[PDB]
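For reference, the structure is listed below as structure tokens.
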Amino acid sequence: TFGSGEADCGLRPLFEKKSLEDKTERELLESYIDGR
Amino acid sequence: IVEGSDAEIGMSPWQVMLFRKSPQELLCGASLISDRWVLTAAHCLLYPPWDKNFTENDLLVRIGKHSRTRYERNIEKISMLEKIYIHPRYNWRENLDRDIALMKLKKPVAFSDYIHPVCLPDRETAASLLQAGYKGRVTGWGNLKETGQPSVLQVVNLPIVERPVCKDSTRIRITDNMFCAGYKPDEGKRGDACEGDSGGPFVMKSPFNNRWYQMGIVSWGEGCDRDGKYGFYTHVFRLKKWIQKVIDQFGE
Amino acid sequence: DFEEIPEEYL
Ligand SMILES: [Ca+2]
Ligand code: NA
């Protein structure tokens with residue numbers, strides 16, 4: 001809703017909540033000079 | 001979206017479709033930020049040069065979709081609006097500066113595996129992710145070519161571009177409330193938003209806490225996927241105080 | 001091109 005995020009915002013039911021990844025998110029994380 | 005691919009089911013659960021009642025047609029894209037508020041671009045509602053000025057009663061919001069033309073029974077939700085709020089200083093006379101609007105739904109929507117809100121960035125998230133070279137994602141049911149419509153939601157990932165390069169690609173005066181994204185002619189990768197994608201979200205995934213944040217709103221471009229040209233987006237973090245204000249002034 | 005939506009949403 002507002003200020004810095006909210007409750008359970010941004011965590012998708014079919015992906016993050018089940019620890020599953022979509023086919024191109026790796027491309028994004030790899031551009032933030034790599035993530036993990 | 002030009003040169004993008006079909007989305008996966010539940011990939012962008014915050015994607016919203018602004019649909020006109022008569023004639024029944026796709027107007028723009030929008031995003032769900034809570035159970036009662038939707039965020040979009042003001043030019044999707046008000047644009048006097050073309051006699052465009054929509055009202056509450058002329059639109060419907062469709063949430064939880066995948067297919068572009070079918071009524072997805074038992075999956076999507078259709079809501080009516082209670083109020084539309086356009087930014088007080090939206091500049092439609094010169095360069096679409098502050099192209100943002102908030103819409104309040106008549107009743108709260110219930111979340112599901114296909115309907116979930118995206119997060120709005122905080123100063124620190126904005127600072128670390130809006131950097132030249134970092135990629136974001138845009139989604140929408142807009143055209144596939146400049147001059148060709150998809151059956152399903154499309155997706156494309158694009159890099160943010162350095163401000164000088166954005167300013168030297170056009171004659172329009174760019175402001176601090178806009179950023180541009182896209183590939184350079186020299187990068188052999190294409191992609192862009194096109195007619196029908198305005199109002200939709202430009203999102204990034206945080207490597208610190210794994211959440212998806214909405215950093216921009218599709219605002220304007222010159223043609224679709226032209227070489228030497230880029231797409232321009234509204235800078236959500238720079239307009240956040242306006243956002244907070246109407247929400248805790250008119251609801252939650 | 002769009003499919004009809006149920007009447008209680010108009
Ligand atoms: Ca220029
Ligand atoms: Na281009």
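Both backbone and side-chain heavy atoms feed into the values below; hydrogens, waters and symmetry mates do not. Every number for a ligand or one of its atoms is a count from 1 in the order of the listing. Proteins come first, then strands; the chains are lettered A, B, ... in the order of their sequence lines, and each starts at number 1.
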Item to complete: Flag B:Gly231 as yes if one of its N/O/S atoms falls below 3.0 Å of the Na ion (ligand 2), otherwise no.
Response: no
message: A quick test of your reading: do over 12 heavy atoms of other residues, nucleotides or ligands sit less than 6.0 Å from CD of B:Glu252?
response: no
Centroid-to-centroid, B:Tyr183 to B:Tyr230, below 6.0 Å? no
**Prompt:** Hey, is there an N, O or S on B:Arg226 sitting under 3.0 Å from the Na ion (ligand 2)?
**Reply:** yes
Would you say B:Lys167 has an N, O or S atom lying under 3.0 Å from the Ca ion (ligand 1)? yes
Q) Is the cationic atom of B:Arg98 (NZ for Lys, CZ for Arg) positioned less than 6.0 Å from the six-membered ring centroid of B:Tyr90 and within 45 degrees of its normal? A) no
Exercise. Honestly, is A:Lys17 close enough over A:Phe15, meaning NZ or CZ under 6.0 Å from the six-membered ring centre and within 45° of the axis?
Worked result: no
Note to self: Counting backbone and side-chain atoms alike, is an N, O or S atom of B:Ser169 positioned under 3.0 Å from the Ca ion (ligand 1)?
What the structure shows: no
